[PDB]
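S.K.: Got a file for you: run_35.cif, mmCIF, C-alpha atoms and all ligand atoms.
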```
data_upload
#
loop_
_atom_site.label_atom_id
_atom_site.label_comp_id
_atom_site.auth_asym_id
_atom_site.auth_seq_id
_atom_site.Cartn_x
_atom_site.Cartn_y
_atom_site.Cartn_z
CA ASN O 2 5.72 -26.87 -5.76
CA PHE O 3 6.79 -25.16 -2.53
CA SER O 4 7.03 -26.57 0.98
CA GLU O 5 5.28 -25.30 4.09
CA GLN O 6 8.61 -23.91 5.30
CA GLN O 7 9.15 -22.06 2.01
CA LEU O 8 5.76 -20.38 2.40
CA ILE O 9 6.64 -19.44 5.98
CA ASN O 10 9.89 -17.87 4.78
CA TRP O 11 8.08 -15.90 2.07
CA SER O 12 5.53 -14.68 4.64
CA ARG O 13 8.10 -12.76 6.69
CA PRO O 14 8.67 -9.01 6.30
CA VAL O 15 11.97 -8.20 4.61
CA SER O 16 12.31 -4.42 4.96
CA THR O 17 10.84 -2.67 8.00
CA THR O 18 10.93 0.66 9.84
CA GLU O 19 13.55 -0.85 12.18
CA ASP O 20 16.11 -0.83 9.35
CA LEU O 21 18.82 1.80 9.79
CA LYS O 22 18.61 2.84 6.12
CA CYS O 23 14.86 3.44 6.49
CA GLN O 24 15.30 5.48 9.68
CA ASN O 25 18.02 7.50 7.94
CA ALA O 26 15.77 8.28 4.97
CA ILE O 27 12.89 9.41 7.19
CA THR O 28 15.14 11.52 9.43
CA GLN O 29 16.93 13.28 6.57
CA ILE O 30 13.80 13.89 4.48
CA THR O 31 11.78 15.10 7.47
CA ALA O 32 14.47 17.67 8.28
CA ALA O 33 14.48 18.97 4.70
CA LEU O 34 10.69 19.35 4.64
CA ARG O 35 10.47 20.95 8.09
CA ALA O 36 13.04 23.56 7.03
CA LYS O 37 10.47 24.94 4.58
CA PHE O 38 7.07 23.97 6.01
CA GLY O 39 7.60 23.86 9.77
CA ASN O 40 4.50 22.66 11.60
CA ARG O 41 2.18 23.44 8.67
CA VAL O 42 2.43 19.78 7.59
CA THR O 43 1.84 16.37 9.12
CA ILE O 44 4.44 13.79 8.07
CA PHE O 45 3.54 10.10 8.27
CA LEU O 46 4.08 6.86 6.41
CA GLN O 47 1.83 4.90 4.10
CA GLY O 48 2.40 1.86 1.93
CA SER O 49 4.41 -1.24 2.67
CA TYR O 50 6.50 0.24 5.48
CA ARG O 51 3.36 1.51 7.24
CA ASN O 52 1.36 -1.71 6.77
CA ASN O 53 4.42 -3.97 7.23
CA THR O 54 4.05 -5.76 3.88
CA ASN O 55 7.56 -5.38 2.43
CA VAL O 56 8.96 -8.48 0.73
CA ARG O 57 11.96 -6.92 -1.03
CA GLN O 58 15.27 -5.83 0.44
CA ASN O 59 15.98 -2.09 0.55
CA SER O 60 12.44 -1.26 -0.55
CA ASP O 61 11.38 2.33 -1.17
CA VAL O 62 9.48 4.08 1.64
CA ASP O 63 6.37 6.21 1.08
CA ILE O 64 6.53 9.39 3.17
CA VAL O 65 3.32 11.43 3.11
CA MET O 66 3.56 15.20 3.65
CA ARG O 67 0.04 16.46 4.35
CA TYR O 68 -0.19 20.25 4.16
CA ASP O 69 -2.99 20.80 6.65
CA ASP O 70 -2.52 24.16 8.40
CA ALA O 71 -6.18 24.98 7.69
CA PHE O 72 -7.45 21.82 9.41
CA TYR O 73 -4.73 21.32 12.07
CA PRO O 74 -3.47 24.86 12.75
CA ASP O 75 -0.65 25.86 15.07
CA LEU O 76 -1.95 25.96 18.64
CA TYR O 96 -2.31 27.72 -2.14
CA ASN O 97 -3.01 25.25 -4.95
CA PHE O 98 -1.52 21.79 -5.34
CA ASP O 99 0.80 22.82 -8.19
CA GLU O 100 2.53 25.27 -5.84
CA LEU O 101 2.64 22.73 -3.01
CA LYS O 102 4.33 20.07 -5.15
CA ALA O 103 6.77 22.61 -6.59
CA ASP O 104 7.63 23.90 -3.11
CA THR O 105 8.08 20.31 -1.89
CA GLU O 106 10.43 19.54 -4.79
CA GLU O 107 12.39 22.71 -3.99
CA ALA O 108 12.71 21.88 -0.29
CA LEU O 109 14.06 18.43 -1.16
CA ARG O 110 16.35 19.61 -3.96
CA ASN O 111 17.96 22.19 -1.66
CA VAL O 112 19.22 19.29 0.49
CA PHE O 113 19.42 16.24 -1.79
CA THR O 114 20.18 18.08 -5.08
CA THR O 115 20.71 15.60 -7.92
CA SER O 116 19.02 12.74 -6.03
CA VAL O 117 15.62 14.45 -6.44
CA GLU O 118 13.41 13.36 -9.34
CA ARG O 119 9.88 14.61 -9.89
CA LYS O 120 7.41 11.81 -10.63
CA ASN O 121 3.78 11.68 -11.72
CA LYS O 122 2.39 11.13 -8.21
CA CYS O 123 5.27 12.06 -5.88
CA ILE O 124 8.75 13.53 -5.55
CA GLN O 125 11.34 10.76 -5.46
CA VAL O 126 14.48 11.16 -3.34
CA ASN O 127 16.92 8.52 -4.56
CA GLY O 128 18.79 6.68 -1.84
CA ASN O 129 22.45 5.84 -1.37
CA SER O 130 24.70 3.51 0.62
CA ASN O 131 23.19 4.77 3.89
CA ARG O 132 19.52 5.44 3.12
CA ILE O 133 16.70 3.87 1.15
CA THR O 134 14.93 5.67 -1.66
CA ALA O 135 11.81 7.54 -0.63
CA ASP O 136 8.69 8.66 -2.46
CA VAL O 137 7.53 11.92 -0.86
CA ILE O 138 3.81 12.46 -1.37
CA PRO O 139 2.62 16.05 -0.84
CA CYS O 140 -1.12 16.18 -0.33
CA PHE O 141 -4.03 17.96 1.31
CA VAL O 142 -6.76 16.88 3.72
CA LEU O 143 -9.69 15.14 2.01
CA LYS O 144 -13.23 14.70 3.33
CA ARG O 145 -15.69 12.49 1.46
CA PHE O 146 -18.99 10.86 2.34
CA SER O 147 -19.04 7.06 2.53
CA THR O 148 -22.40 5.50 1.68
CA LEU O 149 -21.12 2.11 2.88
CA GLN O 150 -20.78 3.46 6.43
CA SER O 151 -23.06 6.51 6.05
CA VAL O 152 -20.41 8.82 7.50
CA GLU O 153 -18.06 11.51 6.29
CA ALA O 154 -14.57 10.02 6.11
CA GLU O 155 -11.28 11.91 6.30
CA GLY O 156 -8.31 10.93 4.15
CA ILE O 157 -5.84 12.63 1.82
CA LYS O 158 -5.96 13.92 -1.74
CA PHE O 159 -3.32 14.92 -4.28
CA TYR O 160 -3.12 15.40 -8.03
CA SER O 161 -0.95 13.55 -10.51
CA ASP O 162 1.00 15.36 -13.20
CA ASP O 163 -1.41 13.77 -15.72
CA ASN O 164 -4.28 15.56 -13.91
CA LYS O 165 -5.86 12.72 -11.92
CA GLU O 166 -7.32 13.37 -8.49
CA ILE O 167 -5.80 10.69 -6.25
CA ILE O 168 -7.73 9.96 -3.04
CA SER O 169 -6.52 7.69 -0.24
CA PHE O 170 -7.60 6.67 3.27
CA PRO O 171 -4.32 5.38 4.71
CA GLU O 172 -5.31 5.51 8.39
CA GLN O 173 -8.44 3.38 7.93
CA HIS O 174 -6.52 1.05 5.60
CA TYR O 175 -3.83 0.64 8.25
CA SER O 176 -6.19 0.11 11.19
CA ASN O 177 -8.54 -2.35 9.47
CA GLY O 178 -5.68 -4.41 8.07
CA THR O 179 -4.00 -4.54 11.48
CA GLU O 180 -7.27 -5.70 13.05
CA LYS O 181 -7.77 -8.46 10.49
CA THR O 182 -4.25 -9.84 10.92
CA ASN O 183 -4.76 -9.76 14.70
CA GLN O 184 -7.91 -11.87 14.23
CA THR O 185 -6.45 -14.40 11.77
CA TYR O 186 -3.46 -15.77 13.71
CA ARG O 187 -1.37 -13.10 11.93
CA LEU O 188 -2.02 -14.90 8.62
CA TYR O 189 -3.79 -12.06 6.80
CA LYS O 190 -0.62 -10.03 6.23
CA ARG O 191 1.48 -13.19 5.90
CA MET O 192 -0.72 -14.29 2.99
CA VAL O 193 -0.49 -10.81 1.45
CA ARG O 194 3.30 -11.06 1.64
CA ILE O 195 3.29 -14.51 0.02
CA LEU O 196 1.13 -13.25 -2.85
CA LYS O 197 3.38 -10.20 -3.30
CA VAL O 198 6.37 -12.55 -3.59
CA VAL O 199 4.53 -14.58 -6.23
CA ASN O 200 3.55 -11.37 -8.03
CA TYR O 201 7.17 -10.23 -8.28
CA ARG O 202 8.24 -13.67 -9.51
CA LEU O 203 5.52 -13.77 -12.18
CA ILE O 204 6.55 -10.27 -13.30
CA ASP O 205 10.23 -11.23 -13.45
CA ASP O 206 9.35 -14.33 -15.47
CA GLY O 207 7.34 -12.23 -17.92
CA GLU O 208 4.17 -14.17 -17.11
CA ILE O 209 2.11 -11.11 -16.14
CA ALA O 210 2.39 -7.38 -16.72
CA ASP O 211 4.02 -5.41 -13.93
CA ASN O 212 0.71 -3.56 -13.38
CA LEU O 213 -1.82 -6.42 -13.61
CA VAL O 214 -2.17 -6.05 -9.83
CA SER O 215 -0.66 -3.81 -7.16
CA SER O 216 0.19 -4.22 -3.48
CA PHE O 217 -2.95 -2.25 -2.61
CA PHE O 218 -5.07 -4.47 -4.88
CA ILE O 219 -3.63 -7.65 -3.36
CA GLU O 220 -4.21 -6.32 0.16
CA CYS O 221 -7.85 -5.56 -0.66
CA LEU O 222 -8.48 -8.95 -2.29
CA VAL O 223 -7.14 -10.96 0.66
CA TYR O 224 -8.95 -8.67 3.11
CA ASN O 225 -12.31 -9.88 1.75
CA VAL O 226 -11.52 -13.55 2.43
CA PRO O 227 -13.51 -14.45 5.58
CA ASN O 228 -11.49 -14.83 8.76
CA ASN O 229 -12.55 -18.49 9.12
CA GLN O 230 -10.49 -19.38 6.01
CA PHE O 231 -7.20 -18.65 7.83
CA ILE O 232 -6.03 -21.83 9.55
CA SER O 233 -3.65 -21.46 12.48
CA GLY O 234 -0.36 -23.20 11.78
CA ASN O 235 -1.22 -24.30 8.23
CA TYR O 236 0.23 -21.94 5.64
CA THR O 237 -0.23 -24.33 2.71
CA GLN O 238 -3.95 -24.86 3.32
CA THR O 239 -4.60 -21.23 4.27
CA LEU O 240 -3.02 -20.05 1.01
CA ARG O 241 -5.08 -22.61 -0.90
CA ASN O 242 -8.22 -21.32 0.81
CA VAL O 243 -7.31 -17.70 0.01
CA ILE O 244 -6.66 -18.31 -3.69
CA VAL O 245 -9.73 -20.51 -4.17
CA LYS O 246 -11.99 -18.03 -2.36
CA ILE O 247 -10.86 -14.99 -4.36
CA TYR O 248 -10.99 -16.95 -7.63
CA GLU O 249 -14.55 -18.15 -7.00
CA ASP O 250 -15.65 -14.74 -5.70
CA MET O 251 -14.44 -13.11 -8.92
CA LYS O 252 -16.34 -15.59 -11.10
CA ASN O 253 -19.33 -14.82 -8.85
CA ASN O 254 -19.25 -11.02 -9.24
CA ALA O 255 -18.53 -10.42 -5.56
CA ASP O 256 -18.87 -7.00 -3.93
CA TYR O 257 -15.48 -6.60 -2.25
CA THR O 258 -14.66 -3.58 -0.10
CA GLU O 259 -11.40 -1.71 0.12
CA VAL O 260 -9.52 -2.43 3.33
CA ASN O 261 -10.79 0.94 4.60
CA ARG O 262 -14.35 -0.49 4.51
CA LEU O 263 -15.58 2.93 3.31
CA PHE O 264 -15.74 2.26 -0.45
CA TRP O 265 -16.10 -0.62 -2.86
CA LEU O 266 -13.00 -2.17 -4.41
CA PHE O 267 -14.64 -2.58 -7.83
CA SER O 268 -16.17 0.88 -7.99
CA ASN O 269 -16.44 3.04 -11.09
CA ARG O 270 -13.52 5.14 -9.84
CA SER O 271 -11.10 2.23 -10.26
CA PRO O 272 -9.84 0.82 -13.58
CA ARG O 273 -8.84 -2.54 -12.02
CA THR O 274 -11.41 -5.27 -12.57
CA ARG O 275 -12.55 -8.59 -11.17
CA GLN O 276 -11.09 -10.14 -14.32
CA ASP O 277 -7.66 -8.80 -13.35
CA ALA O 278 -8.01 -10.50 -9.96
CA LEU O 279 -9.32 -13.73 -11.51
CA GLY O 280 -6.41 -13.94 -13.94
CA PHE O 281 -3.90 -13.17 -11.18
CA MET O 282 -5.34 -15.90 -8.95
CA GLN O 283 -5.10 -18.39 -11.82
CA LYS O 284 -1.46 -17.48 -12.44
CA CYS O 285 -0.69 -17.84 -8.73
CA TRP O 286 -2.46 -21.20 -8.55
CA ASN O 287 -0.54 -22.54 -11.56
CA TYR O 288 2.79 -21.15 -10.31
CA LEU O 289 2.36 -22.64 -6.82
CA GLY O 290 1.32 -26.02 -8.20
CA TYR O 291 -1.81 -26.67 -6.15
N1 LIG S 1 -7.03 3.87 -2.26
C1 LIG S 1 -5.90 3.56 -2.89
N2 LIG S 1 -4.70 3.69 -2.23
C2 LIG S 1 -3.55 3.38 -2.87
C3 LIG S 1 -3.55 2.92 -4.18
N3 LIG S 1 -2.27 2.68 -4.54
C4 LIG S 1 -1.46 2.99 -3.50
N4 LIG S 1 -2.24 3.41 -2.46
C5 LIG S 1 -1.78 3.83 -1.13
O1 LIG S 1 -0.40 4.14 -1.12
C6 LIG S 1 0.35 3.21 -0.32
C7 LIG S 1 1.70 2.99 -0.97
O2 LIG S 1 1.51 2.64 -2.30
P1 LIG S 1 2.39 1.47 -2.95
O3 LIG S 1 3.87 1.76 -2.79
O4 LIG S 1 2.03 1.30 -4.41
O5 LIG S 1 1.95 0.15 -2.14
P2 LIG S 1 2.87 -0.53 -1.01
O6 LIG S 1 1.97 -1.03 0.09
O7 LIG S 1 3.91 0.45 -0.50
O8 LIG S 1 3.57 -1.81 -1.69
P3 LIG S 1 4.97 -1.75 -2.48
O9 LIG S 1 4.70 -2.05 -3.94
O10 LIG S 1 5.87 -2.83 -1.92
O11 LIG S 1 5.63 -0.40 -2.34
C8 LIG S 1 -0.56 1.99 -0.11
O12 LIG S 1 -0.38 1.39 1.13
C9 LIG S 1 -1.97 2.64 -0.18
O13 LIG S 1 -2.33 3.04 1.11
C10 LIG S 1 -4.76 2.78 -4.84
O14 LIG S 1 -4.78 2.37 -6.00
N5 LIG S 1 -5.93 3.10 -4.20
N1 LIG S 2 3.11 -2.18 21.23
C1 LIG S 2 3.31 -3.49 21.13
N2 LIG S 2 4.30 -3.98 20.31
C2 LIG S 2 4.49 -5.32 20.20
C3 LIG S 2 3.70 -6.21 20.91
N3 LIG S 2 4.12 -7.46 20.61
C4 LIG S 2 5.14 -7.38 19.74
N4 LIG S 2 5.37 -6.07 19.47
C5 LIG S 2 6.41 -5.54 18.60
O1 LIG S 2 5.84 -4.70 17.57
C6 LIG S 2 6.56 -4.86 16.33
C7 LIG S 2 5.61 -5.38 15.26
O2 LIG S 2 5.59 -6.78 15.37
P1 LIG S 2 4.60 -7.65 14.45
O3 LIG S 2 3.26 -6.95 14.42
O4 LIG S 2 4.45 -9.05 15.00
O5 LIG S 2 5.22 -7.66 12.97
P2 LIG S 2 6.18 -8.84 12.44
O6 LIG S 2 6.55 -9.80 13.53
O7 LIG S 2 7.41 -8.21 11.83
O8 LIG S 2 5.33 -9.57 11.28
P3 LIG S 2 3.98 -10.45 11.46
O9 LIG S 2 3.90 -11.04 12.85
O10 LIG S 2 4.03 -11.56 10.44
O11 LIG S 2 2.80 -9.56 11.17
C8 LIG S 2 7.73 -5.81 16.63
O12 LIG S 2 8.87 -5.03 16.89
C9 LIG S 2 7.32 -6.57 17.90
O13 LIG S 2 8.41 -6.91 18.68
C10 LIG S 2 2.70 -5.72 21.74
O14 LIG S 2 1.98 -6.49 22.38
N5 LIG S 2 2.50 -4.36 21.84
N1 LIG S 3 -4.00 6.07 -4.78
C1 LIG S 3 -2.70 6.37 -4.23
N2 LIG S 3 -2.92 6.84 -3.01
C2 LIG S 3 -1.88 7.22 -2.24
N3 LIG S 3 -0.62 7.12 -2.72
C3 LIG S 3 -0.39 6.64 -3.94
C4 LIG S 3 -1.41 6.26 -4.71
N4 LIG S 3 -0.91 5.83 -5.88
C5 LIG S 3 0.42 5.95 -5.82
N5 LIG S 3 0.75 6.45 -4.62
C6 LIG S 3 2.02 6.79 -3.99
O1 LIG S 3 2.92 7.59 -5.05
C7 LIG S 3 4.02 6.91 -5.24
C8 LIG S 3 4.28 6.81 -6.76
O2 LIG S 3 3.30 5.99 -7.30
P1 LIG S 3 3.75 5.11 -8.61
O3 LIG S 3 2.87 3.84 -8.61
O4 LIG S 3 5.19 4.73 -8.65
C9 LIG S 3 3.38 6.16 -10.12
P2 LIG S 3 4.61 7.42 -10.44
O5 LIG S 3 5.86 6.72 -10.06
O6 LIG S 3 4.28 8.58 -9.57
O7 LIG S 3 4.51 7.73 -12.03
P3 LIG S 3 5.85 7.69 -12.98
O8 LIG S 3 6.75 6.56 -12.54
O9 LIG S 3 5.43 7.46 -14.41
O10 LIG S 3 6.58 9.01 -12.87
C10 LIG S 3 3.78 5.50 -4.68
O11 LIG S 3 4.91 5.05 -4.07
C11 LIG S 3 2.64 5.69 -3.66
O12 LIG S 3 3.22 5.82 -2.29
MG MG S 4 5.42 1.61 -1.44
#
```
Represent the supplied structure as structure tokens.
Ligand SMILES: Nc1nc2c(ncn2[C@@H]2O[C@H](COP(=O)(O)OP(=O)(O)OP(=O)(O)O)[C@@H](O)[C@H]2O)c(=O)[nH]1
Ligand SMILES: Nc1nc2c(ncn2[C@@H]2O[C@H](COP(=O)(O)OP(=O)(O)OP(=O)(O)O)[C@@H](O)[C@H]2O)c(=O)[nH]1
Ligand SMILES: Nc1ncnc2c1ncn2[C@@H]1O[C@H](COP(=O)(O)CP(=O)(O)OP(=O)(O)O)[C@@H](O)[C@H]1O
Ligand SMILES: [Mg+2]
M.R.:
Amino acid sequence: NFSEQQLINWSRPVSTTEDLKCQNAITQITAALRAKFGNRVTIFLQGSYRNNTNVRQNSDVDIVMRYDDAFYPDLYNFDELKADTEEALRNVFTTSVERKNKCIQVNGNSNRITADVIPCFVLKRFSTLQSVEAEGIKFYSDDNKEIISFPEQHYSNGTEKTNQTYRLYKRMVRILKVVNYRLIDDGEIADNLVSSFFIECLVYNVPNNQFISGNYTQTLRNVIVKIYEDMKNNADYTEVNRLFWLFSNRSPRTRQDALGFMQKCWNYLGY
């Protein structure tokens, strides 16, 4: 239903860290957090701006604030950390600050994008897949869930795969994110059937030899068919971080979710 050129267009990043409104958000929010926490935190990005997978204009940026003085000192429970983070932001951004289940949101304006600020601590956890202790981040949601993430390993492994696949790994992720948003807008799937993270992990497990240089239409066909068949075949997919399984008992998302999503994409694209 869509031409090769249309797929190419959909595969391009829309919002990036080069955007003035993104730079403005990061600069302003960083200053507000440093005013309270100084060097006791590491500030970095995760999510679509970090991995370069944005497909929507003026997308929100995920700014991680890792309180890590104990692990990275200068050469306290989470409830207090999140409250102190909300206070630091409210002192500067006042009515634009909204506490959320998993972050503090700083709503944007004409000159800056909206940001999700994610206070967190250092996390260390053993990976049986790689038989090593892995370092990531941990935080707690307002509904009492322990949220664990490995953004550095996610970033590095995804970058490596796109570098090995003629840059098509992330281009295919972006295409599927576009299709996801369209299916949601059309009311064809629930807005939480999949997530950007889930899509990124699914495509990551498609072997590199399925990505065909200069052929977006056939590469995308290969990607959808491979994930679809793998889901029917009970495949053991890894997260992009390669430290844990995608379909582990910690995750409520299922192979059936991925199978249904692939089917909806296939039908929408008209293969
Ligand atoms: N391990 C793990 N990490 C997650 C999960 N959800 C989000 N993350 C992390 O948080 C980052 C930002 O989350 P999202 O905003 O939902 O994903 P995104 O890549 O920014 O895509 P967008 O929907 O365009 O914002 C992702 O890149 C992941 O690194 C999850 O379910 N499991
Ligand atoms: N450090 C470094 N940066 C580069 C290099 N080549 C290009 N860049 C730049 O790094 C930024 C990231 O570029 P890309 O990784 O190609 O991202 P993109 O072009 O927006 O999207 P895709 O190519 O589809 O992944 C851009 O500003 C490029 O100009 C390089 O060899 N080394
Ligand atoms: N496993 C995870 N690991 C790291 N960051 C996560 C994460 N899940 C969510 N986040 C981050 O927290 C931010 C908020 O996540 P969302 O998916 O919007 C739920 P929420 O918005 O916090 O609940 P709410 O809208 O009901 O208040 C995301 O932008 C993301 O950057
Ligand atoms: Mg995001």
S.K.: To check your reading of the model: which residues sit at most 10 Å from ligand LIG 3 (chain S) when counting only C-alpha atoms and all ligand atoms? Write the answer as JSON, numbers by chain.
M.R.: {"O": [46, 47, 48, 49, 61, 62, 63, 64, 65, 118, 119, 120, 121, 122, 123, 124, 125, 135, 136, 137, 138, 139, 140, 156, 157, 158, 159, 160, 161, 162, 163, 165, 166, 167, 168, 169, 170, 171, 212, 215, 216, 217, 271]}
S.K.: With only C-alpha atoms and all ligand atoms counted, collect every polymer residue having an atom within 12 Å of ligand LIG 2 (chain S); state the result as JSON, numbers by chain.
M.R.: {"O": [9, 10, 11, 12, 13, 14, 15, 16, 17, 18, 19, 20, 49, 50, 51, 52, 53, 54, 55, 56, 178, 179, 180, 181, 182, 183, 184, 185, 186, 187, 188, 189, 190, 191, 192, 193, 194, 195]}
S.K.: Distance CA of residue 66 (chain O)-CA of residue 105 (chain O), one decimal place?
M.R.: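 Result for CA of residue 66 (chain O) versus CA of residue 105 (chain O): 8.8 Å, one decimal.
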S.K.: Can you measure CA of residue 96 (chain O) to CA of residue 113 (chain O) for me? One decimal in Å is fine.
M.R.: 24.6 Å
S.K.: What separation in Å, quoted to one decimal, exists between atom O1 of ligand LIG 1 (chain S) and CA of residue 117 (chain O)?
M.R.: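 That distance, rounded to one decimal, is 19.8 Å.
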S.K.: Which neighbours of residue 261 (chain O) fall inside 10 Å, counting only C-alpha atoms, when residues of the same chain fewer than 5 positions from it are skipped, and could you give them as a ChimeraX atom specification?
M.R.: /O:154,169-178,221,224,266
S.K.: Using all atoms listed in the file, which of the listed residues (O:240, O:209, O:260, O:226) sits closest to ligand LIG 1 (chain S)?
M.R.: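 Closest residue, counting all atoms listed in the file: O:260.
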S.K.: What's the 9 Å shell around region 275-279 of chain O, counting only C-alpha atoms, without same-chain residues fewer than 3 positions away, as a JSON list (two decimals) with C-alpha atoms, in the coordinates of the input?
M.R.:
```
[["chain", "number", "residue", "atom", "x", "y", "z"],
["O", 213, "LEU", "CA", -1.82, -6.42, -13.61],
["O", 214, "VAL", "CA", -2.17, -6.05, -9.83],
["O", 218, "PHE", "CA", -5.07, -4.47, -4.88],
["O", 219, "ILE", "CA", -3.63, -7.65, -3.36],
["O", 222, "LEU", "CA", -8.48, -8.95, -2.29],
["O", 247, "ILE", "CA", -10.86, -14.99, -4.36],
["O", 248, "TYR", "CA", -10.99, -16.95, -7.63],
["O", 249, "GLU", "CA", -14.55, -18.15, -7.00],
["O", 250, "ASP", "CA", -15.65, -14.74, -5.70],
["O", 251, "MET", "CA", -14.44, -13.11, -8.92],
["O", 252, "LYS", "CA", -16.34, -15.59, -11.10],
["O", 254, "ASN", "CA", -19.25, -11.02, -9.24],
["O", 255, "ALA", "CA", -18.53, -10.42, -5.56],
["O", 267, "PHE", "CA", -14.64, -2.58, -7.83],
["O", 282, "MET", "CA", -5.34, -15.90, -8.95],
["O", 283, "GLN", "CA", -5.10, -18.39, -11.82],
["O", 284, "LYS", "CA", -1.46, -17.48, -12.44]]
```
S.K.: Write out as a ChimeraX atom specification which residues come within 8 Å of residue 109 (chain O) when counting only C-alpha atoms, dropping same-chain ones fewer than 3 positions away.
M.R.: /O:30,33-34,105-106,112-114,117,126
S.K.: Mind dumping the selected residues with C-alpha atoms as a PDB file, keeping the file's coordinate frame?
M.R.:
```pdb
ATOM      1  CA  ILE O  30      13.800  13.890   4.480  1.00  0.00           C
ATOM      2  CA  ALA O  33      14.480  18.970   4.700  1.00  0.00           C
ATOM      3  CA  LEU O  34      10.690  19.350   4.640  1.00  0.00           C
ATOM      4  CA  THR O 105       8.080  20.310  -1.890  1.00  0.00           C
ATOM      5  CA  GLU O 106      10.430  19.540  -4.790  1.00  0.00           C
ATOM      6  CA  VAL O 112      19.220  19.290   0.490  1.00  0.00           C
ATOM      7  CA  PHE O 113      19.420  16.240  -1.790  1.00  0.00           C
ATOM      8  CA  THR O 114      20.180  18.080  -5.080  1.00  0.00           C
ATOM      9  CA  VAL O 117      15.620  14.450  -6.440  1.00  0.00           C
ATOM     10  CA  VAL O 126      14.480  11.160  -3.340  1.00  0.00           C
TER      11      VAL O 126
END
```
S.K.: Which of these residues is nearest to residue 220 (chain O), using all atoms listed in the file: O:259, O:232, O:108, O:205?
M.R.: O:259
S.K.: For ligand MG 4 (chain S), which of O:57, O:22, O:37, O:132 is the closest residue, counting only C-alpha atoms and all ligand atoms?
M.R.: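 Of O:57, O:22, O:37, O:132, the one nearest ligand MG 4 (chain S), counting only C-alpha atoms and all ligand atoms, is O:57.
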S.K.: Closest to ligand MG 4 (chain S) among O:199, O:143, O:149, O:133, using only C-alpha atoms and all ligand atoms?
M.R.: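 That would be O:133, the residue with the smallest distance to ligand MG 4 (chain S).
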S.K.: In terms of the shortest atom-to-atom distance over only C-alpha atoms and all ligand atoms, which of O:60, O:31, O:287, O:269 is closest to ligand LIG 1 (chain S)?
M.R.: O:60
S.K.: Calculated over only C-alpha atoms, which of the candidates O:28, O:288, O:3, O:42 has the smallest distance to residue 203 (chain O)?
M.R.: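 Going through O:28, O:288, O:3, O:42 one by one, the smallest distance to residue 203 (chain O) is for O:288.
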S.K.: Taking the block just given, write region 239-253 of chain O to a file that holds C-alpha atoms, as a PDB file, in the first residue's frame.
M.R.:
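Resulting contents of decode-v1.pdb:
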```pdb
ATOM      1  CA  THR O 239      13.700  -5.632   4.436  1.00  0.00           C
ATOM      2  CA  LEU O 240      10.461  -4.620   6.166  1.00  0.00           C
ATOM      3  CA  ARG O 241       8.755  -7.702   4.744  1.00  0.00           C
ATOM      4  CA  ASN O 242      11.583  -9.860   6.092  1.00  0.00           C
ATOM      5  CA  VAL O 243      11.368  -8.201   9.520  1.00  0.00           C
ATOM      6  CA  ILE O 244       7.607  -8.660   9.896  1.00  0.00           C
ATOM      7  CA  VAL O 245       7.619 -12.239   8.602  1.00  0.00           C
ATOM      8  CA  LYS O 246      10.537 -13.225  10.847  1.00  0.00           C
ATOM      9  CA  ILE O 247       9.019 -11.814  14.049  1.00  0.00           C
ATOM     10  CA  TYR O 248       5.587 -13.268  13.190  1.00  0.00           C
ATOM     11  CA  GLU O 249       6.998 -16.751  12.601  1.00  0.00           C
ATOM     12  CA  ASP O 250       9.293 -16.528  15.633  1.00  0.00           C
ATOM     13  CA  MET O 251       6.301 -15.725  17.855  1.00  0.00           C
ATOM     14  CA  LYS O 252       4.317 -18.706  16.555  1.00  0.00           C
ATOM     15  CA  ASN O 253       7.491 -20.731  17.224  1.00  0.00           C
TER      16      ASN O 253
END
```
